[PDB]
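Chemist: Sharing a structure, written as structure tokens. Questions coming.
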Amino acid sequence: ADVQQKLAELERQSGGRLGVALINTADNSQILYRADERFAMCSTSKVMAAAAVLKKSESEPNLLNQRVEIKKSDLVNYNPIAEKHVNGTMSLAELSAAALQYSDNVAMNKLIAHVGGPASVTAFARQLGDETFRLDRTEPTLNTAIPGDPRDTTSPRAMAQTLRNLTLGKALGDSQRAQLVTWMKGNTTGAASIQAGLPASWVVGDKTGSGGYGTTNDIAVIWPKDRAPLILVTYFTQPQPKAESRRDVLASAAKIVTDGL
Ligand SMILES: *C(=O)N1C[C@H](NOS(=O)(=O)O)CC[C@H]1C(=O)NC1CCNCC1
């Protein structure tokens with residue numbers, strides 16, 4: 001009751017639309033707020049694309065080592081790693097790390113292409129039991145985040161359940177699950193989001209995202225000190241097309257739902 005009041009208050013103060021799903025694996029409980037509404041995933045969709053590559057790699061031992069050309073024609077609007085490798089190759093492992101840890105959009109496009117495109121990433125989600133996730137577009141257009149548009153969306157509940165499966169459950173084989181967790185724990189982009197609302201000592205693997213309409217997102221697996229892990233999804237979007245990001249709202253949401261733990 002208190003936690004719900006606090007999230008509603010945060011949403012009202014923020015001026016936007018907030019979606020939260022926490023799974024506490026200590027007691028199999030959840031805290032949900034707009035958790036069945038759709039939100040544009042933006043760069044948080046990179047987790048599903050990397051996971052689809054990892055799944056493919058379970059039957060293809062040379063896949064992660066496969067060399068992918070980086071051409072000028074591959075550049076899109078946010079390319080911090082790929083721009084340093086133009087006219088050379090990167091491995092699919094290197095592209096996965098760049099997508100997850102630096103949120104490189106070229107890297108995301110190569111992951112998408114090498115599993116068969118957005119509909120293939122979506123079919124992977126369906127195979128895991130996630131009916132909600134939909135990846136419709138490639139980078140950079142998947143980040144438009146127009147209100148009412150279902151393209152490139154999921155719900156907080158669906159993404160929390162799927163992230164649990166990927167990182168703590170059995171969607172991926174032992175090697176592949178460990179690799180995803182390693183990659184997410186090495187994320188460099190998330191300190192202002194969920195992590196900013198948790199104690200300094202807690203360990204986090206997360207993936208942020210942002211896009212049109214001031215969309216500001218984070219999805220995380222969290223290891224609190226001496227406690228079972230948590231899964232937290234915080235999605236946020238705003239009414240104005242050119243709204244600025246609100247990473248503080250995600251931090252505030254994280255603090256609200258973990259207070260006590
Ligand atoms: C993901 O949401 N992206 C790519 C990159 N991610 O930053 S983080 O917040 O994921 O670490 C920057 C924001 C976002 C993105 O691609 N935004 C678009 C860039 C190209 N023009 C439209 C916005």
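Naming scheme: A, B, ... for chains in displayed order of the structure tokens; residues 1 onward per chain; ligands 1 onward as shown.
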Just want the 9 Å neighbourhood of segment 131-148 of chain A, counted on only C-alpha atoms, with same-chain residues fewer than 5 positions away dropped. Output as a PyMOL selection string.
Modeler: chain A and resi 38-43+45+76-78+105-106+108-109+112-113+117-123+125-126+153-155+158-159+209-215+237-239+241
Chemist: Pick out the residues sitting within 7 Å of segment 68-72 of chain A, and hand them over as a ChimeraX atom specification; count only C-alpha atoms, and ignore anything fewer than 5 positions along from it in its own chain.
Modeler: /A:82,85-92
Chemist: Could you give me, as a ChimeraX atom specification, each residue of segment 40-143 of chain A that DSSP assigns to strand (DSSP E or B) when run on this structure's backbone?
Modeler: /A:40,67-69,89-91
Chemist: Which residues come within 12 Å of residue 168 of chain A, counting only C-alpha atoms, excluding same-chain residues fewer than 5 positions away, as a list in words?
Modeler: residues 23, 24, 25, 160, 161, 162, 163, 173, 174, 176, 177, 178, 179, 180, 181, 205, 220, 221, 222, 223, 228, 229, 230 and 231 of chain A
Chemist: Could you save the residues just selected, with N, CA and C atoms, as an mmCIF file, in the first residue's frame?
Modeler:
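For reference, out_34.cif as written:
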data_model
loop_
_atom_site.group_PDB
_atom_site.id
_atom_site.type_symbol
_atom_site.label_atom_id
_atom_site.label_comp_id
_atom_site.auth_asym_id
_atom_site.auth_seq_id
_atom_site.Cartn_x
_atom_site.Cartn_y
_atom_site.Cartn_z
ATOM 1 N N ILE A 23 10.815 -8.207 -9.284
ATOM 2 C CA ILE A 23 10.690 -9.583 -8.803
ATOM 3 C C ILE A 23 11.739 -9.795 -7.712
ATOM 4 N N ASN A 24 11.276 -10.204 -6.525
ATOM 5 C CA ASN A 24 12.172 -10.515 -5.428
ATOM 6 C C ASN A 24 12.278 -12.033 -5.343
ATOM 7 N N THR A 25 13.431 -12.581 -5.730
ATOM 8 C CA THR A 25 13.578 -14.031 -5.729
ATOM 9 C C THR A 25 13.764 -14.607 -4.318
ATOM 10 N N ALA A 160 10.530 -8.063 -16.975
ATOM 11 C CA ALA A 160 11.112 -8.553 -15.719
ATOM 12 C C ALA A 160 11.135 -10.083 -15.709
ATOM 13 N N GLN A 161 10.021 -10.703 -16.116
ATOM 14 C CA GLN A 161 9.969 -12.162 -16.136
ATOM 15 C C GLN A 161 10.996 -12.718 -17.120
ATOM 16 N N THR A 162 11.103 -12.108 -18.300
ATOM 17 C CA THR A 162 12.062 -12.592 -19.274
ATOM 18 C C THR A 162 13.498 -12.372 -18.794
ATOM 19 N N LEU A 163 13.791 -11.196 -18.216
ATOM 20 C CA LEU A 163 15.152 -10.957 -17.730
ATOM 21 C C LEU A 163 15.494 -11.970 -16.641
ATOM 22 N N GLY A 173 21.976 -21.804 -21.947
ATOM 23 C CA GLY A 173 22.852 -22.780 -21.351
ATOM 24 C C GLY A 173 23.787 -22.144 -20.334
ATOM 25 N N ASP A 174 24.472 -22.982 -19.577
ATOM 26 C CA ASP A 174 25.291 -22.488 -18.486
ATOM 27 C C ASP A 174 26.323 -21.451 -18.943
ATOM 28 N N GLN A 176 26.343 -19.659 -21.684
ATOM 29 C CA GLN A 176 25.723 -18.492 -22.310
ATOM 30 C C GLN A 176 25.063 -17.569 -21.280
ATOM 31 N N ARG A 177 24.380 -18.141 -20.288
ATOM 32 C CA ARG A 177 23.793 -17.345 -19.213
ATOM 33 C C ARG A 177 24.908 -16.597 -18.482
ATOM 34 N N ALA A 178 26.015 -17.299 -18.170
ATOM 35 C CA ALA A 178 27.125 -16.640 -17.483
ATOM 36 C C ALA A 178 27.665 -15.498 -18.334
ATOM 37 N N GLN A 179 27.757 -15.698 -19.651
ATOM 38 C CA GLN A 179 28.290 -14.648 -20.507
ATOM 39 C C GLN A 179 27.381 -13.421 -20.496
ATOM 40 N N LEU A 180 26.048 -13.648 -20.552
ATOM 41 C CA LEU A 180 25.123 -12.508 -20.530
ATOM 42 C C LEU A 180 25.283 -11.738 -19.214
ATOM 43 N N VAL A 181 25.348 -12.468 -18.090
ATOM 44 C CA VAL A 181 25.494 -11.831 -16.792
ATOM 45 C C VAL A 181 26.812 -11.050 -16.732
ATOM 46 N N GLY A 205 23.822 -5.773 -12.690
ATOM 47 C CA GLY A 205 23.975 -5.851 -14.126
ATOM 48 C C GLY A 205 22.756 -5.232 -14.771
ATOM 49 N N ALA A 220 17.393 -4.398 -14.898
ATOM 50 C CA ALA A 220 18.533 -4.800 -14.074
ATOM 51 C C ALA A 220 18.283 -6.119 -13.356
ATOM 52 N N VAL A 221 19.390 -6.835 -13.180
ATOM 53 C CA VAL A 221 19.513 -7.900 -12.201
ATOM 54 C C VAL A 221 20.401 -7.341 -11.086
ATOM 55 N N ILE A 222 19.965 -7.550 -9.841
ATOM 56 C CA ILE A 222 20.568 -6.910 -8.673
ATOM 57 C C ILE A 222 20.878 -7.968 -7.629
ATOM 58 N N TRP A 223 22.082 -7.919 -7.071
ATOM 59 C CA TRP A 223 22.488 -8.772 -5.969
ATOM 60 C C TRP A 223 22.698 -7.884 -4.750
ATOM 61 N N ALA A 228 19.071 -12.788 -1.700
ATOM 62 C CA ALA A 228 18.779 -13.350 -2.996
ATOM 63 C C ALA A 228 18.616 -12.227 -4.008
ATOM 64 N N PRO A 229 18.856 -12.519 -5.292
ATOM 65 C CA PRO A 229 18.783 -11.470 -6.283
ATOM 66 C C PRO A 229 17.381 -10.942 -6.531
ATOM 67 N N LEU A 230 17.365 -9.734 -7.103
ATOM 68 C CA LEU A 230 16.161 -9.063 -7.564
ATOM 69 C C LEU A 230 16.267 -8.871 -9.071
ATOM 70 N N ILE A 231 15.106 -8.760 -9.715
ATOM 71 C CA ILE A 231 15.002 -8.266 -11.074
ATOM 72 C C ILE A 231 14.154 -7.007 -11.042
#
Chemist: May I ask which of the residues A:79, A:65, A:240, A:195 is the closest one to ligand 1, counting only C-alpha atoms and all ligand atoms?
Modeler: A:79
Chemist: I'd like to know which of A:104, A:130, A:248, A:226 is closest to ligand 1, using only C-alpha atoms and all ligand atoms.
Modeler: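 Of the candidates, the smallest distance to ligand 1 is held by A:104.
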Chemist: Hey, which of A:251, A:100, A:54, A:233 ends up closest to ligand 1? Count only C-alpha atoms and all ligand atoms.
Modeler: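 Of all the options, A:100 lies closest to ligand 1.
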Chemist: From a DSSP calculation on the backbone, collect every residue of segment 29-108 of chain A in helix (DSSP H, G or I) and output the set as a ChimeraX atom specification.
Modeler: /A:42-57,72-74,82-85,92-101,105-108
Chemist: Could the residues in this selection be written to a file with C-alpha atoms, as a compact mmCIF listing (two decimals), in the first residue's frame?
Modeler:
# COMPACT_ATOMS: atom_id res chain seq x y z
CA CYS A 42 14.72 1.71 -26.82
CA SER A 43 18.23 0.40 -26.07
CA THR A 44 16.92 -2.02 -23.39
CA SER A 45 15.94 -4.26 -26.36
CA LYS A 46 19.66 -4.94 -26.88
CA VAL A 47 19.51 -7.54 -24.07
CA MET A 48 17.03 -9.65 -26.07
CA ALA A 49 19.11 -9.32 -29.27
CA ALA A 50 22.33 -10.35 -27.49
CA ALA A 51 20.47 -13.24 -25.82
CA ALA A 52 19.19 -14.41 -29.23
CA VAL A 53 22.80 -14.48 -30.50
CA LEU A 54 23.86 -16.42 -27.40
CA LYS A 55 21.03 -18.93 -27.96
CA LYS A 56 22.12 -19.40 -31.57
CA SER A 57 25.71 -19.91 -30.37
CA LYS A 72 30.70 3.47 -43.46
CA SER A 73 27.26 2.34 -44.65
CA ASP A 74 26.74 0.60 -41.28
CA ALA A 82 31.97 0.72 -34.16
CA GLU A 83 33.23 4.11 -35.44
CA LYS A 84 36.73 3.05 -34.24
CA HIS A 85 36.59 -0.13 -36.37
CA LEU A 92 30.00 -11.13 -32.75
CA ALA A 93 31.30 -11.38 -29.15
CA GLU A 94 32.86 -7.91 -29.49
CA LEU A 95 29.62 -6.57 -31.01
CA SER A 96 27.59 -8.08 -28.16
CA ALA A 97 29.88 -6.43 -25.56
CA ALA A 98 29.73 -3.08 -27.38
CA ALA A 99 25.92 -3.20 -27.63
CA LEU A 100 25.47 -4.11 -23.97
CA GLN A 101 28.25 -2.14 -22.28
CA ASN A 105 23.69 1.12 -32.13
CA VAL A 106 25.74 -0.34 -35.01
CA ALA A 107 26.55 -3.28 -32.77
CA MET A 108 22.81 -3.78 -32.10
Chemist: Have a look at A:234, A:260, A:14, A:170 and name the one nearest to residue 157 of chain A; count only C-alpha atoms.
Modeler: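 Once distances to residue 157 of chain A are computed over only C-alpha atoms, the minimum belongs to A:234.
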Chemist: With distances taken over only C-alpha atoms and all ligand atoms, which of A:182, A:5, A:216, A:258 is nearest to ligand 1?
Modeler: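 Under the stated criterion, the closest residue is A:216.
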Chemist: Find the residues around residue 185 of chain A up to 8 Å (only C-alpha atoms counted), leave out those fewer than 5 positions away in its own chain, and share them as JSON, numbers by chain.
Modeler: {"A": [203, 204, 205, 206]}
